[PDB]
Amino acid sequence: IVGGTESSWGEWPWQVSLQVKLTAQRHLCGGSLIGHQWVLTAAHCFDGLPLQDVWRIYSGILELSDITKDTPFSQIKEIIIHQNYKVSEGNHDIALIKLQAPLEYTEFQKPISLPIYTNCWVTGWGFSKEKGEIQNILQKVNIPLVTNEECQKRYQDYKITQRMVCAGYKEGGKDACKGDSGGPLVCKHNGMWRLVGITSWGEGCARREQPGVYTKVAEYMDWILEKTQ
């Protein structure tokens, strides 16, 4: 997150860290807890995939530095990458993770509701600048959506589809960045947070007139419901 501030304990209880344990353990992506056994993330977060075991999913956490062996984590039972996801294109950037064991809901660990907006927040432990590093304390930033027309105007080299939503400022300075991928874009509807986007990509981070591009969750609701039951 570029241009954001430190989150507080319990503030974003659906935010998870998707980490890989090889020799060292590292955070690769965010995700959003959407049910007791279900995490929603970006398909591109699995572009290294075939490496067997080695995924640990952390929920109810604020600070990556306070992860020890004592820190509980979830394990992956199943990954469902959208059928139309292609590594070479940037389309359909969405995946579900079935956890091996259900997580309980608490004030620290609970799901974002699923189903045009200024009051939107992007969160994660990604870079706070393009030549950046993974952040310790979960960052938050308030960013308005832009129309698809406006976003497409900014990205002549790419196809911005009806299944994408964009968020950014004309003069940049606030954006998601590398390592935020797969985490939430939430917006306030009628006193309640809804998952509007999944952090996907952009031309760098926080550049003027280069907004963040998100997977538009509303356009995948049939696929999310079908795959989860």
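Basically, rigid core = biggest C-alpha set you can superpose within 1.5 Å across the two forms. Position 1 is the first residue in the sequence shown; the rest follow in order.
State which stretch is farther from the displayed form on average in 4 other deposited structures of this protein, 177 to 185 or 45 to 53, counting RMS CA distance after fitting on the rigid core.
After the core superposition, the stretch with higher RMS deviation in 4 other deposited structures of this protein is 45 to 53.
Superpose on the core, then say which of 146 to 154 and 116 to 124 ends up with the larger RMS Cα offset from this form in 4 other deposited structures of this protein.
Comparing 146 to 154 with 116 to 124, the one that moves more in 4 other deposited structures of this protein is 116 to 124.
Can you tell me which stretch has the higher mean Cα B-factor, 152 to 160 or 126 to 134?
It is 152 to 160.
Which wins on mean Cα temperature factor, 214 to 222 or 10 to 18?
Going by the record's values, the stretch with the higher mean is 214 to 222.
What's the residue among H27, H36, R56, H189 with the greatest CA temperature factor in the PDB record?
Most elevated C-alpha B-factor of the set, per the entry: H189.
Kindly indicate the residue among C177, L51, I61, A42 with the greatest C-alpha B-factor in the PDB record.
Reading the PDB entry, the winner on C-alpha B-factor is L51.
Using the B-factors in the PDB entry, rank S65's C-alpha atom against the chain and give the third, lowest, middle or highest.
Within its chain, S65 is a highest-third residue by C-alpha B-factor, going by the deposited values.
Would you mind checking where the Cα B-factor of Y117 ranks among the modelled residues of its chain, as the lowest, middle or highest third?
For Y117, whose C-alpha B-factor we compare with every modelled residue in the chain, the answer is the highest third.
Please rank the C-alpha B-factors of the chain's modelled residues and tell me whether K140 sits in the lowest, middle or highest third.
Within its chain, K140 is a lowest-third residue by C-alpha B-factor, going by the deposited values.
Based on the entry's values, in what third of the chain does the Cα temperature factor of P111 lie: lowest, middle or highest?
Lowest third, going by the recorded CA B-factors of the chain.
CA B-factor placement of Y169, once the chain's modelled residues are sorted into thirds:
Middle third by C-alpha B-factor.
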